[PDB]
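Residue numbering restarts at 1 for every chain, and letters A, B, ... go by the order of the sequence lines. Just the heavy atoms: all of them, side chains too, but no hydrogens, waters or symmetry mates, feed the values below.
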Amino acid sequence: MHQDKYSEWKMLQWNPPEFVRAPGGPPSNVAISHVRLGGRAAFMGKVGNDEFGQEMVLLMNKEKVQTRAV
Amino acid sequence: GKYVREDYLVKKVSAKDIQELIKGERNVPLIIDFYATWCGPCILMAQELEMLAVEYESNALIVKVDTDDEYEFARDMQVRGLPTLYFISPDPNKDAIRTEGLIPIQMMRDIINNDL
Amino acid sequence: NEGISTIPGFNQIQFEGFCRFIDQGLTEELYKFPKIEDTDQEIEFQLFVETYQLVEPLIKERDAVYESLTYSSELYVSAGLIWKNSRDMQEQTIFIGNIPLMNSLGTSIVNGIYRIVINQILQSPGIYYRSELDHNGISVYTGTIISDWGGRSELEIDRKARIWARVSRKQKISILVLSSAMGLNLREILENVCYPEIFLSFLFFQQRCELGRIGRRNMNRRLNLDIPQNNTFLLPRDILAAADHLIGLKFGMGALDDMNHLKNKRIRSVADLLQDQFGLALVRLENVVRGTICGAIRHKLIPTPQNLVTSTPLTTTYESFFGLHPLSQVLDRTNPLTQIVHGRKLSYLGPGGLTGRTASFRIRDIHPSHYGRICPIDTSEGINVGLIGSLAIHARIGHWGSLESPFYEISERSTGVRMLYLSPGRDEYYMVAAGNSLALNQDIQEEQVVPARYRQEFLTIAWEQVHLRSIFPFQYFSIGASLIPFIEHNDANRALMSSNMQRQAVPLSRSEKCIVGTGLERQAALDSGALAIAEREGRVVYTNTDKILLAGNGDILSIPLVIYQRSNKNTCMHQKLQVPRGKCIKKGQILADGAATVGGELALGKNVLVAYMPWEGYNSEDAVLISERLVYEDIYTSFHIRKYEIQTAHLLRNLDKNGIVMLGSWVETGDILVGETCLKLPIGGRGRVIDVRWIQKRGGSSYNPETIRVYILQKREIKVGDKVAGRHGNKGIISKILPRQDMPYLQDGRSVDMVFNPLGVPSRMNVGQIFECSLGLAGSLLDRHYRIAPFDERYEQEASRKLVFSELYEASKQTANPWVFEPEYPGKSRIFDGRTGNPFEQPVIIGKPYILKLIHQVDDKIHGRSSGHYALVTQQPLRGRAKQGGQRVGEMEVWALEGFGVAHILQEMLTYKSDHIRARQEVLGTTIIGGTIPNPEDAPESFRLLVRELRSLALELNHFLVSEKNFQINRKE
Amino acid sequence: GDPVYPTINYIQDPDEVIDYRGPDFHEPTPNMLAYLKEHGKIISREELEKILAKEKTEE
DNA sequence: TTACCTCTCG
RNA sequence: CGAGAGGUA
Ligand SMILES: [Zn+2]
């Protein structure tokens with residue numbers, strides 16, 4: 001679609017390129033969904049003590065994903 | 001664009017053009033964005049990159065590359081997923097930084113101002 | 001490229017039409033200009049159309065409104081005259097005239113007035129076949145040829161083959177004779193026409209013969225023919241083909257046309273009208289040029305090309321069109337919505353169009369072709385109902401005049417989808433579905449069924465057989481209907497009323513956004529013209545209440561703001577800044593907000609606490625009881641500005657040295673504003689004098705009588721008698737204001753602002769309000785605003801109930817108010833009486849809806865009269881509140897008085913009060929003294945006039961009375 | 001139970017200024033005059049003068 | 001169909 | 001004062 005106009009890019013979502021009919025993602029996302037559908041999940045990884053890192057742990061903690069192994 | 005000013009201020013470049021800019025000299029910071037029309041998260045990055053441009057008018061060059069058009073370059077530059085930005089410095093001794101994911105505007109400002 | 005993936009701009013049609021006229025239209029009209037020479041041979045004039053230049057406007061747009069000028073552009077074109085005597089060439093570029101320019105919003109400023117051109121719908125040129133049921137036996141069939149000229153061509157076949165033209169008033173005229181007029185051999189005809197035997201048994205050009213491009217294409221489609229498009233004539237082969245079809249119908253092989261379909265209608269626009277006018281003007285320039293050539297002969301002088309041509313013909317033509325044409329109208333500027341809606345209007349009536357009294361009932365109903373193109377709900381009620389309408393959101397205008405509705409192709413193809421726009425005719429041949437794919441049984445998805453349209457009908461078919469799908473939420477409706485929340489739950493009759501009432505809302509002094517909305521409020525604000533948006537990117541360097549400076553890449557741009565200005569409808573316009581200094585902006589982003597707009601959205605009303613219950617009769621019929629809080633906290637106060645203008649004891653306190661009232665004066669009825677010829681205040685105007693303008697003028701024979709204008713501002717609060725309304729068709733007039741202590745109150749202690757009757761909903765069928773009030777309460781408590789698109793039940797059954805009930809529960813839990821959601825009776829609670837402290841017996845509906853204040857206010861309405869000025873000829877009282885006049889006792893009223901038997905009362909109305917000069921002057925005296933009024937004997941003026949008028953047509957009327965006692969006859973005068 | 005279409009789509013914060021350069025809005029509108037001048041259909045005052053003067057000199 | 005209101009334009 | 005246009009109930 002057009003290089004610059006992003007109001008047109010939605011059309012590609014309506015008719016998707018095949019490899020991305022159901023795009024998957026990062027391991028963090030699966031955990032947040034599991035908790036929402038009922039269930040208990042834990043995330044294992046390392047994040048920095050920088051600002052972005054703290055934001056991510058906050059999001060997960062707020063969504064009730066166990067963050068002890070981070 | 002004498003009477004009507006262009007809406008979009010970030011421009012599409014090509015692999016050859018990127019290479020010249022890198023090998024030649026520069027005096028202001030370079031930010032390169034890799035994107036595809038298909039990715040949904042990218043629609044959100046575009047809006048953010050256009051704001052950074054208004055703020056740092058000739059004190060930075062923000063440029064864009066499309067993966068569909070230049071797939072092999074992307075692989076060589078080690079891009080693992082779609083919303084990816086490379087921040088390159090005007091000094092040629094310093095290392096470049098690759099950021100993956102949607103990241104906030106303040107982080108972008110901090111990298112340009114402090115690290116690069 | 002636009003409108004696919006987004007809602008199109010609301011003014012796009014005007015923008016495109018203007019551009020077409022500027023380039024293509026101008027060139028086409030210019031070409032036809034004739035080279036002019038006179039007598040046996042004379043000097044020849046050449047208008048070279050190759051080089052036409054349009055130049056920029058001399059005055060800026062704002063100045064034009066301030067000095068009552070017209071914003072326009074100058075046309076300079078090159079020409080050469082070879083005087084017959086000279087044999088040499090002189091070339092110059094003459095200033096032909098001024099052509100008006102449009103703002104992007106789609107308005108034109110002409111003589112100080114914002115003007116807008118409405119679109120018109122008319123029947124397209126082409127061949128149409130109708131079967132007229134015949135009074136005796138078998139039915140007659142006919143054909144007709146609509147043309148740009150408008151001449152219609154008729155051909156008919158009777159039970160006995162007739163093939164007789166009906167154009168002549170006479171019954172029989174021969175189509176075959178017309179074919180012979182074309183030089184066709186009888187033999188040639190036979191070879192050409194199928195059904196030869198039937199025709200064997202049977203053994204102008206200026207207007208009708210021209211068919212426009214649109215006319216030709218239609219002909220080729222209806223009777224398959226393939227004469228090429230450049231051809232645009234009533235060539236004879238066509239007439240033969242028409243006859244051939246005419247007989248096929250008699251044998252059963254044919255289609256009778258529907259003339260209400262939109263494939264058979266065409267839309268004219270700004271462009272067409274403007275081009276047409278340019279042509280008229282151009283013919284007028286030829287008349288002027290020929291005349292100056294003759295003048296040159298008398299004076300025997302060498303012409304300068306400029307001398308031959310004046311600028312008057314172009315300017316005068318447009319000045320007249322804008323001023324007097326039926327379809328050029330002044331813009332309504334009551335609110336921002338009114339400005340956006342006016343442009344989108346479509347009319348059947350107009351010049352060369354239908355008249356309301358004349359038009360048929362069938363033209364005024366919806367047709368299945370209208371979907372996606374013309375809104376079903378909007379119409380103007382009255383004798384004009386069904387003939388004025390509105391364009392839908394996703395409509396556009398095609399290459400030909402036809403409209404087009406977007407559709408998504410679900411048929412498998414490489415891409416597999418594209419959005420296409422379809423002509424009113426093309427889509428009748430595809431199956432279109434508006435349902436969804438959320439149904440699965442033991443078979444596959446492709447076998448599941450859905451409702452669909454095909455050939456002007458509704459049917460049910462499988463998902464495999466569908467070709468196109470309709471995907472957009474707001475597609476079938478106009479801007480007003482698309483601003484109503486929960487429309488699915490309101491009967492359609494109400495929706496007409498509702499769209500009408502939003503247009504009548506008054507911009508309030510402070511504005512607030514709605515808690516519940518539909519989401520189109522955002523685009524309505526962008527396209528109104530009431531907001532200040534950036535024209536370039538940059539950073540904000542200075543802000544003052546008057547101006548904003550934006551500094552982008554070495555330039556500084558100043559943007560002016562509007563402070564306290566009048567509108568055509570006496571409403572106030574004021575802009576307030578939204579951007580703090582030091583902030584970066586991108587092009588297109590908001591910088592300031594206008595009236596009735598907060599944060600980029602349309603805001604025409606306020607959110608108030610309401611209960612629906614009966615209260616002591618104050619709410620009988622449709623009346624509302626309100627609290628005083630609204631009056632003293634200023635929720636519903638509005639500013640109104642009026643202008644009074646002229647051409648050049650205690651009273652006179654205000655006047656200055658020149659005698660004009662000073663700025664800042666408070667004036668009351670009677671006070672002189674500008675110094676015998678004095679201008680004085682009418683009744684009901686009392687306000688500060690915000691400004692005085694002594695405007696010098698040009699255009700008149702004398703320097704135009706300088707105009708002195710005074711502008712006065714009235715601040716108006718809510719009062720008994722005002723009309724208020726909600727967005728779902730609910731309207732009422734205020735009946736009482738009560739102190740807070742006496743108002744009904746909740747379990748939280750708060751007192752409700754308004755009380756509405758609950759017997760209204762069953763009769764009017766609006767259940768939308770109940771859903772909106774309840775959601776409003778929730779949002780206030782939880783701090784959320786909701787923007788919900790229409791038709792939510794597509795996702796699931798009872799979707800709206802699930803949203804409202806869930807949200808009410810969350811509010812109840814988070815802020816611990818258990819009354820907000822009551823499990824036994826959800827949405828209703830128990831409230832108490834302010835006067836006595838006792839609980840009302842049954843549970844009641846409480847909520848915060850959005851209520852608007854309408855333009856019809858009591859202050860404008862009230863009028864009274866005693867004595868006063870009287871008219872010249874009829875000698876009766878004057879008409880109108882402005883004119884201090886009386887009220888009419890008309891035919892129907894007389895009849896009623898007669899039924900009662902009140903003769904004396906009636907005589908009075910006909911004599912002393914109106915038109916008996918001698919008698920009238922006496923009654924004022926009797927009353928001041930205290931006497932009795934005698935019964936009049938002489939006739940009123942009305943009668944005297946009739947006699948005089950008749951005596952003018954040579955007839956005499958006399959009144960005589962014969963005395964019973966002595967038999968004498970006496971002639972009354 | 002819970003609604004199938006999520007309610008988050010509906011919610012907007014009470015103190016929000018809309019961004020018109022966002023994914024669901026049409027491209028920014030252009031002033032008619034500027035557009036017409038960019039494409040050459042209407043010419044500037046200086047240009048008429050320049051053309052007019054040269055023509056006068058030629059005559 | 002009645003009544004009511006505002007405006008512009010020669 | 002004669003036309004035109006937009007409303008209201
Ligand atoms: Zn619903």
| Base-pairing string, 5' to 3', of DNA chain E - Watson-Crick or wobble, under 3.5 Å, | interstrand | ..||.||||.
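Judged by a 6.0 Å distance limit and a 45° cone about the ring axis, C:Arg693 is positioned over the six-membered ring of C:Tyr66.
Between C:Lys643 and E:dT6 there is no side-chain polar atom (N or O) within less than 4.0 angstrom of OP1 or OP2. The side chain of C:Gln504 places an N or O atom within less than 4.0 Å of a non-bridging phosphate oxygen (OP1 or OP2) of F:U8. Within the structure, a side-chain polar atom (N or O) of C:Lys731 is placed less than 4.0 Å from OP1 or OP2 of F:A9. For F:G6, neither phosphate oxygen OP1 nor OP2 lies less than 4.0 angstrom from any side-chain nitrogen or oxygen of C:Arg115. Checking the phosphate oxygens (OP1, OP2) of F:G6, no side-chain nitrogen or oxygen of C:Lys569 falls inside 4.0 Å.
Distance C:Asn568 CG to F:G7 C1': 14 Å, rounded to the nearest Å. With rounding to whole Å, C:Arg503 atom CZ is found 12 Å from F:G6 atom P. Whole-Å rounding puts the C:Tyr644 OH to E:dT6 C1' distance at 14 Å. Per the geometry, NZ belonging to C:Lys883 stands 11 Å off P belonging to E:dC5, to the nearest Å. C:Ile113 places its CD1 atom 9 Å from the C1' atom of E:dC9, with the value rounded to the nearest Å. Atom CG of C:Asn111 is separated from atom P of E:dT8 by 11 Å (rounded to the nearest Å). C:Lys345 places its NZ atom 7 Å from the P atom of F:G6, with the value rounded to the nearest Å. For the pair C:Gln329 CD and F:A3 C1', the computed distance is 16 Å after rounding to whole Å.
Every side-chain hydrogen bond (donor to acceptor under 3.5 Å, both in side chains) that C:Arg566 has, sequence neighbours left out, goes to C:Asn570. By the side chain to side chain contact (heavy atoms under 4.5 Å, CB included) test, C:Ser735 pairs with C:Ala623, sequence neighbours left out. Residues satisfying the side-chain hydrogen bond (donor to acceptor under 3.5 Å, both in side chains) test with C:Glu521, not counting sequence neighbours, are none. In this structure C:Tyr618 satisfies the ring pair (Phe, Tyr, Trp, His ring centres under 6.0 Å) test with no other residue, sequence neighbours excluded. Partners of C:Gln502 according to the side-chain hydrogen bond (donor to acceptor under 3.5 Å, both in side chains) rule, which considers only residues two or more places apart in sequence or in another chain, do not exist here.
Nearest nucleotide to the C:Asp332 side chain, out of E:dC9, F:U8, F:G6: F:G6. For C:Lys723, taking side-chain heavy atoms from C-beta onward, the closest of the listed nucleotides E:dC5, F:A9, E:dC9 is F:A9. Closest contact between the side chain of C:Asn500 and the listed nucleotides E:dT2, F:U8, E:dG10 involves F:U8.
Residue C:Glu891 is out of contact with every strand shown, counting any heavy-atom pair closer than 4.0 Å. Residue C:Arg879 is in sugar-phosphate contact alone, with no base atom involved, counting any heavy-atom pair closer than 4.0 Å across all strands shown.
A donor-acceptor pair is defined here as one N or O able to donate and one able to accept, closer than 3.5 Å; such a pair exists between the side chain of C:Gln769 and the backbone of C:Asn766. Put simply, the side chain of C:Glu61 never gets that close to the backbone of C:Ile109: no donor and acceptor are under 3.5 Å apart.
Nucleotides E:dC4 and F:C1, compared at atom P, are 16 Å apart to the nearest Å. E:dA3 sits 22 Å from F:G2 when the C1' atoms are compared, rounded to a whole Å.
Where C:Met501 and C:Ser328 meet RNA chain F, the nucleotide closest to each residue was compared, and C:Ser328 sits on the side nearer the 5' end.
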